[PDB]
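Pasted below: start12.cif, mmCIF, N, CA and C atoms.
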```
data_protein
loop_
_atom_site.label_atom_id
_atom_site.label_comp_id
_atom_site.auth_asym_id
_atom_site.auth_seq_id
_atom_site.Cartn_x
_atom_site.Cartn_y
_atom_site.Cartn_z
N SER A 1856 43.39 -119.94 -14.73
CA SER A 1856 42.72 -120.74 -13.64
C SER A 1856 43.75 -120.79 -12.51
N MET A 1857 43.50 -121.62 -11.47
CA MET A 1857 44.47 -121.77 -10.37
C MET A 1857 45.89 -122.10 -10.77
N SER A 1858 46.85 -121.22 -10.39
CA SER A 1858 48.28 -121.40 -10.75
C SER A 1858 48.54 -121.32 -12.29
N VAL A 1859 47.61 -120.75 -12.99
CA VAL A 1859 47.72 -120.57 -14.49
C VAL A 1859 47.32 -119.17 -14.86
N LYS A 1860 48.33 -118.33 -15.10
CA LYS A 1860 48.07 -116.89 -15.37
C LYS A 1860 48.71 -116.40 -16.63
N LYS A 1861 47.97 -115.61 -17.41
CA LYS A 1861 48.56 -114.77 -18.47
C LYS A 1861 49.70 -113.92 -17.91
N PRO A 1862 50.65 -113.53 -18.77
CA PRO A 1862 51.72 -112.60 -18.35
C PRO A 1862 51.18 -111.26 -17.72
N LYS A 1863 51.84 -110.79 -16.63
CA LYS A 1863 51.36 -109.61 -15.85
C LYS A 1863 51.55 -108.30 -16.67
N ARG A 1864 50.46 -107.77 -17.23
CA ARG A 1864 50.36 -106.36 -17.69
C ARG A 1864 50.70 -105.31 -16.59
N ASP A 1865 51.53 -104.34 -16.98
CA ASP A 1865 51.98 -103.32 -16.05
C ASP A 1865 50.81 -102.33 -15.90
N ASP A 1866 50.22 -102.32 -14.71
CA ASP A 1866 49.05 -101.47 -14.44
C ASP A 1866 49.41 -100.30 -13.52
N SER A 1867 50.70 -100.11 -13.24
CA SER A 1867 51.17 -99.18 -12.21
C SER A 1867 50.96 -97.68 -12.55
N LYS A 1868 50.83 -97.38 -13.82
CA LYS A 1868 50.58 -96.06 -14.37
C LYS A 1868 49.09 -95.79 -14.74
N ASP A 1869 48.24 -96.77 -14.55
CA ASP A 1869 46.82 -96.59 -14.98
C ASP A 1869 46.18 -95.37 -14.30
N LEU A 1870 46.39 -95.25 -12.99
CA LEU A 1870 45.81 -94.22 -12.16
C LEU A 1870 46.19 -92.85 -12.67
N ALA A 1871 47.48 -92.63 -12.90
CA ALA A 1871 47.96 -91.40 -13.46
C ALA A 1871 47.44 -91.15 -14.84
N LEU A 1872 47.41 -92.17 -15.67
CA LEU A 1872 46.95 -91.98 -17.03
C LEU A 1872 45.36 -91.67 -17.15
N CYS A 1873 44.59 -92.33 -16.29
CA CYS A 1873 43.12 -92.04 -16.23
C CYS A 1873 42.93 -90.57 -15.76
N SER A 1874 43.77 -90.13 -14.81
CA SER A 1874 43.73 -88.71 -14.31
C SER A 1874 44.00 -87.74 -15.43
N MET A 1875 44.97 -88.06 -16.29
CA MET A 1875 45.30 -87.24 -17.39
C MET A 1875 44.19 -87.17 -18.40
N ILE A 1876 43.64 -88.30 -18.77
CA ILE A 1876 42.47 -88.33 -19.63
C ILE A 1876 41.33 -87.46 -19.07
N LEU A 1877 41.06 -87.60 -17.79
CA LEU A 1877 39.97 -86.94 -17.15
C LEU A 1877 40.23 -85.45 -17.18
N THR A 1878 41.51 -85.03 -16.95
CA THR A 1878 41.89 -83.61 -17.11
C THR A 1878 41.58 -83.07 -18.49
N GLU A 1879 41.86 -83.85 -19.51
CA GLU A 1879 41.65 -83.49 -20.85
C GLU A 1879 40.15 -83.38 -21.17
N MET A 1880 39.35 -84.23 -20.54
CA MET A 1880 37.87 -84.14 -20.71
C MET A 1880 37.35 -82.89 -19.96
N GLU A 1881 37.80 -82.66 -18.72
CA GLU A 1881 37.46 -81.50 -17.93
C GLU A 1881 37.71 -80.17 -18.62
N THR A 1882 38.75 -80.07 -19.43
CA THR A 1882 39.17 -78.82 -20.02
C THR A 1882 38.68 -78.69 -21.43
N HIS A 1883 38.00 -79.69 -21.97
CA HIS A 1883 37.42 -79.56 -23.32
C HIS A 1883 36.30 -78.49 -23.28
N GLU A 1884 36.20 -77.71 -24.32
CA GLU A 1884 35.20 -76.65 -24.33
C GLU A 1884 33.74 -77.15 -24.29
N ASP A 1885 33.46 -78.38 -24.69
CA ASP A 1885 32.14 -78.95 -24.68
C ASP A 1885 31.86 -79.79 -23.38
N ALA A 1886 32.69 -79.67 -22.39
CA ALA A 1886 32.54 -80.37 -21.14
C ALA A 1886 31.44 -79.79 -20.23
N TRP A 1887 31.09 -78.50 -20.42
CA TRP A 1887 30.19 -77.77 -19.50
C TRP A 1887 28.92 -78.50 -19.06
N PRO A 1888 28.27 -79.32 -19.95
CA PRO A 1888 27.09 -80.02 -19.41
C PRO A 1888 27.37 -81.11 -18.37
N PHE A 1889 28.67 -81.48 -18.23
CA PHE A 1889 29.11 -82.74 -17.58
C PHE A 1889 30.00 -82.46 -16.37
N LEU A 1890 30.32 -81.20 -16.08
CA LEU A 1890 31.33 -80.86 -15.06
C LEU A 1890 30.85 -81.12 -13.64
N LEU A 1891 29.56 -80.96 -13.44
CA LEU A 1891 28.96 -81.06 -12.12
C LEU A 1891 27.74 -81.89 -12.16
N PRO A 1892 27.32 -82.46 -11.01
CA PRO A 1892 26.10 -83.22 -11.01
C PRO A 1892 24.86 -82.41 -11.45
N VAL A 1893 23.98 -83.04 -12.20
CA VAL A 1893 22.71 -82.41 -12.58
C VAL A 1893 21.96 -82.08 -11.31
N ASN A 1894 21.41 -80.86 -11.22
CA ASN A 1894 20.69 -80.45 -10.00
C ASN A 1894 19.28 -81.12 -9.99
N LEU A 1895 19.14 -82.12 -9.16
CA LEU A 1895 17.93 -82.96 -9.12
C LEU A 1895 16.72 -82.27 -8.55
N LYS A 1896 16.94 -81.17 -7.83
CA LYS A 1896 15.83 -80.29 -7.41
C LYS A 1896 15.36 -79.42 -8.56
N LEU A 1897 16.25 -79.01 -9.47
CA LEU A 1897 15.90 -78.02 -10.48
C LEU A 1897 15.67 -78.54 -11.85
N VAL A 1898 15.86 -79.85 -12.11
CA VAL A 1898 15.65 -80.37 -13.47
C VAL A 1898 14.61 -81.43 -13.38
N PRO A 1899 13.35 -81.03 -13.74
CA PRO A 1899 12.25 -81.97 -13.76
C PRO A 1899 12.54 -83.23 -14.55
N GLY A 1900 12.17 -84.32 -13.96
CA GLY A 1900 12.25 -85.65 -14.55
C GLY A 1900 13.60 -86.36 -14.37
N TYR A 1901 14.64 -85.59 -14.10
CA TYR A 1901 16.03 -86.23 -14.08
C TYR A 1901 16.20 -87.29 -13.05
N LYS A 1902 15.71 -86.97 -11.83
CA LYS A 1902 15.84 -87.90 -10.71
C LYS A 1902 15.17 -89.26 -10.98
N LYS A 1903 13.93 -89.20 -11.49
CA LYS A 1903 13.17 -90.43 -11.79
C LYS A 1903 13.67 -91.21 -12.96
N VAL A 1904 14.06 -90.48 -13.99
CA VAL A 1904 14.43 -91.15 -15.22
C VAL A 1904 15.86 -91.72 -15.21
N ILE A 1905 16.79 -90.98 -14.62
CA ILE A 1905 18.25 -91.34 -14.74
C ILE A 1905 18.62 -92.04 -13.46
N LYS A 1906 18.72 -93.34 -13.54
CA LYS A 1906 18.78 -94.14 -12.35
C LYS A 1906 20.18 -94.02 -11.71
N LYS A 1907 21.19 -93.75 -12.54
CA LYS A 1907 22.55 -93.59 -12.00
C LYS A 1907 23.22 -92.35 -12.56
N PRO A 1908 23.00 -91.20 -11.94
CA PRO A 1908 23.61 -89.95 -12.40
C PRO A 1908 25.11 -90.05 -12.27
N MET A 1909 25.82 -89.47 -13.25
CA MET A 1909 27.32 -89.45 -13.17
C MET A 1909 27.77 -88.16 -13.83
N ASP A 1910 28.88 -87.59 -13.37
CA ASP A 1910 29.44 -86.37 -13.90
C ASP A 1910 30.95 -86.38 -13.66
N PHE A 1911 31.68 -85.48 -14.33
CA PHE A 1911 33.15 -85.49 -14.25
C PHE A 1911 33.66 -85.24 -12.84
N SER A 1912 33.03 -84.31 -12.09
CA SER A 1912 33.48 -83.99 -10.72
C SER A 1912 33.38 -85.19 -9.76
N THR A 1913 32.33 -86.00 -9.91
CA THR A 1913 32.07 -87.21 -9.20
C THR A 1913 33.07 -88.31 -9.59
N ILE A 1914 33.40 -88.38 -10.87
CA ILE A 1914 34.45 -89.31 -11.32
C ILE A 1914 35.78 -88.86 -10.72
N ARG A 1915 36.08 -87.56 -10.78
CA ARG A 1915 37.33 -87.09 -10.23
C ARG A 1915 37.46 -87.44 -8.74
N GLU A 1916 36.39 -87.26 -7.96
CA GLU A 1916 36.43 -87.56 -6.53
C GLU A 1916 36.62 -89.10 -6.28
N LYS A 1917 35.91 -89.92 -7.05
CA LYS A 1917 36.04 -91.36 -6.97
C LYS A 1917 37.50 -91.77 -7.32
N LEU A 1918 38.04 -91.19 -8.37
CA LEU A 1918 39.40 -91.50 -8.80
C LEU A 1918 40.45 -91.17 -7.71
N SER A 1919 40.39 -89.93 -7.22
CA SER A 1919 41.24 -89.43 -6.21
C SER A 1919 41.16 -90.12 -4.86
N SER A 1920 40.14 -90.91 -4.59
CA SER A 1920 39.90 -91.52 -3.29
C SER A 1920 39.92 -93.03 -3.38
N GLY A 1921 40.50 -93.55 -4.48
CA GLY A 1921 40.64 -95.02 -4.66
C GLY A 1921 39.41 -95.80 -4.74
N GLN A 1922 38.38 -95.21 -5.33
CA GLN A 1922 37.13 -95.95 -5.50
C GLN A 1922 36.96 -96.66 -6.87
N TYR A 1923 37.94 -96.51 -7.77
CA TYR A 1923 37.97 -97.34 -8.98
C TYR A 1923 38.94 -98.53 -8.77
N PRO A 1924 38.39 -99.74 -8.77
CA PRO A 1924 39.30 -100.87 -8.64
C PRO A 1924 40.17 -101.09 -9.85
N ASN A 1925 39.77 -100.67 -11.06
CA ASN A 1925 40.60 -100.91 -12.22
C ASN A 1925 40.18 -99.94 -13.32
N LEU A 1926 40.93 -99.90 -14.40
CA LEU A 1926 40.65 -98.90 -15.44
C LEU A 1926 39.28 -99.18 -16.16
N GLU A 1927 38.76 -100.41 -16.18
CA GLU A 1927 37.45 -100.66 -16.76
C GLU A 1927 36.28 -100.03 -15.97
N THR A 1928 36.40 -100.00 -14.65
CA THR A 1928 35.36 -99.43 -13.86
C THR A 1928 35.38 -97.90 -14.08
N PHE A 1929 36.54 -97.32 -14.37
CA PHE A 1929 36.68 -95.89 -14.65
C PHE A 1929 35.98 -95.59 -15.97
N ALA A 1930 36.30 -96.38 -16.98
CA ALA A 1930 35.66 -96.20 -18.35
C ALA A 1930 34.14 -96.34 -18.29
N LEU A 1931 33.65 -97.25 -17.46
CA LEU A 1931 32.21 -97.46 -17.31
C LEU A 1931 31.49 -96.18 -16.80
N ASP A 1932 32.04 -95.53 -15.79
CA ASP A 1932 31.52 -94.25 -15.30
C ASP A 1932 31.61 -93.13 -16.33
N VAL A 1933 32.72 -93.02 -17.08
CA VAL A 1933 32.79 -92.01 -18.11
C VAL A 1933 31.64 -92.26 -19.11
N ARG A 1934 31.52 -93.50 -19.59
CA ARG A 1934 30.53 -93.83 -20.63
C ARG A 1934 29.11 -93.60 -20.08
N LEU A 1935 28.89 -93.87 -18.79
CA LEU A 1935 27.64 -93.60 -18.12
C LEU A 1935 27.24 -92.15 -18.22
N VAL A 1936 28.22 -91.23 -18.16
CA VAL A 1936 27.95 -89.80 -18.29
C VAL A 1936 27.29 -89.57 -19.70
N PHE A 1937 27.87 -90.21 -20.70
CA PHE A 1937 27.34 -89.99 -22.08
C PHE A 1937 26.08 -90.70 -22.41
N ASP A 1938 25.93 -91.91 -21.89
CA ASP A 1938 24.70 -92.65 -21.92
C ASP A 1938 23.57 -91.96 -21.26
N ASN A 1939 23.79 -91.42 -20.07
CA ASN A 1939 22.76 -90.54 -19.42
C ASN A 1939 22.38 -89.37 -20.29
N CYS A 1940 23.39 -88.77 -20.90
CA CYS A 1940 23.15 -87.56 -21.69
C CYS A 1940 22.21 -87.96 -22.88
N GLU A 1941 22.51 -89.07 -23.52
CA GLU A 1941 21.69 -89.50 -24.67
C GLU A 1941 20.27 -89.87 -24.25
N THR A 1942 20.13 -90.43 -23.06
CA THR A 1942 18.83 -90.75 -22.52
C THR A 1942 17.93 -89.51 -22.33
N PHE A 1943 18.50 -88.42 -21.88
CA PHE A 1943 17.76 -87.24 -21.53
C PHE A 1943 17.70 -86.11 -22.55
N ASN A 1944 18.56 -86.15 -23.58
CA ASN A 1944 18.73 -84.98 -24.44
C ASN A 1944 18.56 -85.43 -25.90
N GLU A 1945 17.81 -84.64 -26.62
CA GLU A 1945 17.70 -84.88 -28.05
C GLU A 1945 19.13 -84.76 -28.68
N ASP A 1946 19.39 -85.63 -29.66
CA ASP A 1946 20.61 -85.51 -30.53
C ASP A 1946 20.80 -84.09 -31.10
N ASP A 1947 19.70 -83.49 -31.57
CA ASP A 1947 19.70 -82.16 -32.13
C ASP A 1947 19.45 -81.09 -31.06
N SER A 1948 20.41 -80.95 -30.14
CA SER A 1948 20.41 -79.94 -29.08
C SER A 1948 21.87 -79.66 -28.77
N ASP A 1949 22.19 -78.54 -28.16
CA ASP A 1949 23.57 -78.28 -27.82
C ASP A 1949 24.14 -79.36 -26.90
N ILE A 1950 23.37 -79.75 -25.89
CA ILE A 1950 23.87 -80.72 -24.91
C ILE A 1950 23.98 -82.07 -25.57
N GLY A 1951 23.01 -82.42 -26.43
CA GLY A 1951 23.00 -83.72 -27.10
C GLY A 1951 24.29 -83.84 -27.99
N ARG A 1952 24.63 -82.77 -28.68
CA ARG A 1952 25.80 -82.74 -29.56
C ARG A 1952 27.09 -82.76 -28.70
N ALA A 1953 27.07 -82.00 -27.61
CA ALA A 1953 28.16 -82.03 -26.63
C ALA A 1953 28.46 -83.42 -26.22
N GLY A 1954 27.44 -84.19 -25.85
CA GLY A 1954 27.71 -85.56 -25.40
C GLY A 1954 28.28 -86.48 -26.43
N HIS A 1955 27.80 -86.34 -27.67
CA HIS A 1955 28.40 -87.14 -28.73
C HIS A 1955 29.82 -86.77 -28.97
N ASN A 1956 30.16 -85.47 -28.96
CA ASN A 1956 31.51 -84.99 -29.16
C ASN A 1956 32.45 -85.46 -28.09
N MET A 1957 31.99 -85.36 -26.82
CA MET A 1957 32.84 -85.79 -25.69
C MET A 1957 33.08 -87.30 -25.70
N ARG A 1958 32.10 -88.05 -26.04
CA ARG A 1958 32.21 -89.52 -26.11
C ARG A 1958 33.28 -89.93 -27.14
N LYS A 1959 33.17 -89.35 -28.32
CA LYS A 1959 34.24 -89.51 -29.33
C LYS A 1959 35.61 -89.15 -28.86
N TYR A 1960 35.78 -87.96 -28.24
CA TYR A 1960 36.99 -87.52 -27.72
C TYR A 1960 37.58 -88.51 -26.73
N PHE A 1961 36.73 -88.97 -25.80
CA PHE A 1961 37.11 -89.92 -24.80
C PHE A 1961 37.59 -91.27 -25.42
N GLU A 1962 36.83 -91.80 -26.36
CA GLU A 1962 37.07 -93.13 -26.87
C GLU A 1962 38.42 -93.17 -27.63
N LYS A 1963 38.77 -92.06 -28.26
CA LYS A 1963 40.03 -91.97 -28.97
C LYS A 1963 41.19 -91.93 -27.97
N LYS A 1964 41.12 -91.07 -26.94
CA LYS A 1964 42.12 -91.01 -25.90
C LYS A 1964 42.28 -92.36 -25.23
N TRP A 1965 41.16 -93.05 -25.01
CA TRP A 1965 41.17 -94.35 -24.34
C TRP A 1965 41.97 -95.41 -25.16
N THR A 1966 41.62 -95.55 -26.43
CA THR A 1966 42.25 -96.43 -27.39
C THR A 1966 43.73 -96.08 -27.54
N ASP A 1967 44.06 -94.81 -27.68
CA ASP A 1967 45.44 -94.42 -27.87
C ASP A 1967 46.29 -94.61 -26.64
N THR A 1968 45.70 -94.53 -25.44
CA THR A 1968 46.47 -94.64 -24.23
C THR A 1968 46.67 -96.10 -23.83
N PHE A 1969 45.67 -96.95 -24.05
CA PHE A 1969 45.59 -98.29 -23.48
C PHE A 1969 45.46 -99.46 -24.51
N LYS A 1970 45.02 -99.25 -25.75
CA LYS A 1970 44.90 -100.34 -26.76
C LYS A 1970 46.03 -100.31 -27.81
#
```

Can you turn what I pasted into C-alpha cells?
Amino acid sequence: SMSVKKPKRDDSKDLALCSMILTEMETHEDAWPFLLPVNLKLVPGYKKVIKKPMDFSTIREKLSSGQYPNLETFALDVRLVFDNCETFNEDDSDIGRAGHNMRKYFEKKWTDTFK
C-alpha cells in the first residue's frame, strides 16, 4: 500500500530474457504456423472468429518497440497465440499438435527463466 512495498525484484534483464525465449520459440521446428500473422483475406472464418490475432512476428515487433509494460503482458500474448490456435484447429491436426508442443516448450522456458 502507500509507503509499504515488498522488496524490489530485479527486472532489468527481463527484456533481454523475453527476447531470448522468443528467439528460441522462433527457431523451433514447429513454429511455422505461428511465425507470421494469419492471412485474414485467405483463411475463411479467421477474421470473425479470432477476435485478437497474435503471432511471433507481432510479438517480436511489440517487444522491440517497448510495447510490453512488463513480462506478464509478454506471456499473455505468447499464450494468446496458442489459445487462438486451439480455438481454430482440431487437436488431431499438424497445426493443432504444433500449438500444444509450442505451448509446452514455452511454459518450461518461462518457469525455468523466471520461477

Notebook entry, point to check: Residues at most 7 Å from stretch 1911-1913 of chain A, counting only C-alpha atoms, excluding those fewer than 4 positions away in the same chain, as a ChimeraX atom specification?
Noted result: /A:1881,1889-1891,1917

Check: Residues at most 12 Å from residue A:1892, counting only C-alpha atoms, excluding those fewer than 3 positions away in the same chain, as JSON, numbers by chain?
Finding: {"A": [1887, 1888, 1889, 1895, 1896, 1897, 1898, 1901, 1902, 1905, 1907, 1908, 1909, 1910, 1911, 1912, 1913, 1914, 1915, 1936, 1939, 1940]}

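Interatomic distance, atom CA of residue A:1933 to atom CA of residue A:1945: 19.4 Å.
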
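Between atom N of residue A:1886 and atom N of residue A:1959 lies a distance of 11.4 Å.
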
Item checked: Every residue of stretch 1860-1966 of chain A that DSSP places in alpha helix (DSSP H), as a PyMOL selection string -> chain A and resi 1869-1881+1901-1904+1911-1919+1926-1943+1949-1966

Notebook entry, point to check: For residue A:1953, which of A:1868, A:1878, A:1884, A:1922 is the closest residue, counting only N, CA and C atoms?
Noted result: A:1884

Next item on the list: Mind checking which residues fall within 10 Å of stretch 1862-1867 of chain A, counting only C-alpha atoms, ignoring those fewer than 4 positions away in the same chain, and posting them as a PyMOL selection string?
Entry: chain A and resi 1871-1872+1925-1926

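Atom CA of residue A:1899 lies 29.2 Å from atom CA of residue A:1918.
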
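Closest approach to residue A:1880 from the set A:1857, A:1957, A:1950, A:1931 is made by A:1957, with distances taken over only C-alpha atoms.
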
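For the choices A:1927, A:1932, A:1869, A:1949, the atom-to-atom distance to residue A:1885 is smallest for A:1949 when using only C-alpha atoms.
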
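Closest approach to residue A:1935 among A:1964, A:1879, A:1921, A:1958 is made by A:1958 (distances from only C-alpha atoms).
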
Check: From the set A:1969, A:1944, A:1873, A:1960, which residue has the shortest atom-to-atom contact distance to residue A:1929, counting all atoms listed in the file?
Finding: A:1873

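Residue nearest residue A:1954, chosen from A:1894, A:1856, A:1942, A:1874 and counting only C-alpha atoms: A:1942.
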